[PDB]
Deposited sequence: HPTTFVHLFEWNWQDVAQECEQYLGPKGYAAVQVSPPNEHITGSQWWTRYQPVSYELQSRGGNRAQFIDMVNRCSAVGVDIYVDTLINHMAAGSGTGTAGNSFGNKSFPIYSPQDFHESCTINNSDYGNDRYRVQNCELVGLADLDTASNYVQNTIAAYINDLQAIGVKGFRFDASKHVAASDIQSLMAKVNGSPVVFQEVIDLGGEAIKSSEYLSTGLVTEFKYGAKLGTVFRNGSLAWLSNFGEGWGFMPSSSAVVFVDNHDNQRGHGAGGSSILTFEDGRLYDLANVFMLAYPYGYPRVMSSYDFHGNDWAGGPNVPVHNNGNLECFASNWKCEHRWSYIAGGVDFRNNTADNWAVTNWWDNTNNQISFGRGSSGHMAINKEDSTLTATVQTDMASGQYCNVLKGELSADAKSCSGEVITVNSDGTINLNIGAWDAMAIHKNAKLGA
């Protein structure tokens, strides 16, 4: 049933907790990826979170008690917390952290200069041909930890195990490409149990380091997914997506974390083809495809309008602002609450017993429909005409809520939005307006 997580980028711990109770739990999201909760450098830019100072849980998102409160309140409604984990480095330079600690010259509350690789600079060419420099030199001046050192592994493992002890269920290993896979292996041997671990490795091909090196240590970000999906949605034909996945050169589905955009590449950090909230309904549709299609573990992005400043932090108005939700406009965008996206999550959540593509249909261009066997069916019309084809499904005949537009009542007698009819012979007579879609599934069926 739970199948999809969401990055609540720069949401603080109280907003996450309330969001779990009021929306993510009820709508079936599996987990929240939170911004780094450990002590980091002072400053309001979002990227301060990626400059650690210590592993005390005092950060822009809140203090340790507030962190625990969020973990608990989210867990109470069935939503896990995944922590963005800085395994590669500490802050650059000298300064002060969010818990009051000072640092400088590769000296921190828990590290000294010997705990780091010798200073050198990762240069653009190194990605293509110097594995050693990519993993032992400094990413944009950040102090590169000696991740082969037993002390460093133990210290990072203690941070991970502290977070597990208080209830955290997964971890994003930031900048995993900059850490030898064998160092990550040694780290994981000190990590208690088997939490969810996904490793951030950007590999579109042609580099010294390969995302495939990381398959044995956890899940891996498949950045090919969003890159190719955005190119297809912008310039290509949806019909080509019938074998999306391993046939496009992607890693195995059971290893991949997939997403349309992430916090870096919606700003042009870490792809002019990447779709983001800025693309409106094109983003809706791309998310509907992602969430209906049986490849990967999807992460929905949840952003703020940064008003053209790719460095700015988030709005200084909370999401839950004394009874008003600061979503959808020029503060928080709340893509995870957009109807087509949350509906796609419901569809994925209820078609997970059938990880196949069935009865693929298309018009050779930008209209597609397919099924998850008898568990669900979907269609996307990304053209300017109305889509009225008759398509074959394996669905039981009857009437179904279009979960992109509404939901089934508690009594199961009605839908709050459009109702789709599956005929006696299992067909559907589509009637999909331009740039619209539909999705139905067996657990959103009107019941006699």
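Original post:
Can you list the gaps, numbered from 1 on the deposited sequence, where no C-alpha is modelled?
Top reply: In sequence order, there is one gap with no modelled C-alpha: 271 to 272.
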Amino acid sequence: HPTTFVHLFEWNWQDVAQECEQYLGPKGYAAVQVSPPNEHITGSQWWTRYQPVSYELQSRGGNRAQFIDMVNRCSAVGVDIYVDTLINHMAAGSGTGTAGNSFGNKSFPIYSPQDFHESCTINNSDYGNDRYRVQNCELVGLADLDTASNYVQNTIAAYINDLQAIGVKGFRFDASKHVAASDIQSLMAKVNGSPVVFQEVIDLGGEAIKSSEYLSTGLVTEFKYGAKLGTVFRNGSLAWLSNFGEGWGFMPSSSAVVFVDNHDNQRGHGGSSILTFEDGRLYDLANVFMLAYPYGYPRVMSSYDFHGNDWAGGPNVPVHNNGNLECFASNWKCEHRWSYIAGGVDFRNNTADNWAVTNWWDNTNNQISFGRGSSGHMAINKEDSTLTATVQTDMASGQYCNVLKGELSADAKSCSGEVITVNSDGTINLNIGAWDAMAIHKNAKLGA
From here on, numbers count along this sequence of modelled residues.
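**OP:** Tell me which of 121 to 129 and 281 to 289 has the higher mean C-alpha B-factor in the deposited entry.
**Re:** If you average the C-alpha B-factors of 121 to 129 and of 281 to 289, the larger mean comes out for 121 to 129.
Original post:
Between 15 to 23 and 427 to 435, which has the larger average Cα B-factor in the PDB entry?
Top reply: Comparing 15 to 23 with 427 to 435, the higher average CA B-factor belongs to 427 to 435.
**OP:** Could you say which of 410, 57, 403, 32 has its CA atom at the highest B factor, as listed in the PDB entry?
**Re:** Going by the entry's C-alpha B-factors, 410 comes out highest.
**OP:** Using the temperature factors in the entry, find which of 259, 340, 111, 82 has the highest value at its Cα atom.
**Re:** When the deposited C-alpha B-factors of 259, 340, 111, 82 are compared, 111 is largest.
Subject >> B-factor third for the C-alpha atom of residue 315 within its chain >> reply: As the PDB entry reports it, the C-alpha B-factor of residue 315 lands in the lowest third of its chain.
Original post:
Comparing residue 422 with the other modelled residues of its chain, is its CA B-factor in the lowest, middle or highest third?
Top reply: Residue 422: CA B-factor falls in the middle third of its chain.
Subject >> B-factor third for the C-alpha atom of residue 300 within its chain >> reply: Within its chain, residue 300 is a lowest-third residue by C-alpha B-factor, going by the deposited values.
**OP:** Compare the C-alpha B factor of residue 100 with those of the other modelled residues in its chain, then answer lowest, middle or highest third.
**Re:** Ranked within chain, residue 100 CA B lands in the highest tercile.
**OP:** Using the B-factors in the PDB entry, rank residue 40's C-alpha atom against the chain and give the third, lowest, middle or highest.
**Re:** Middle third, going by the recorded CA B-factors of the chain.
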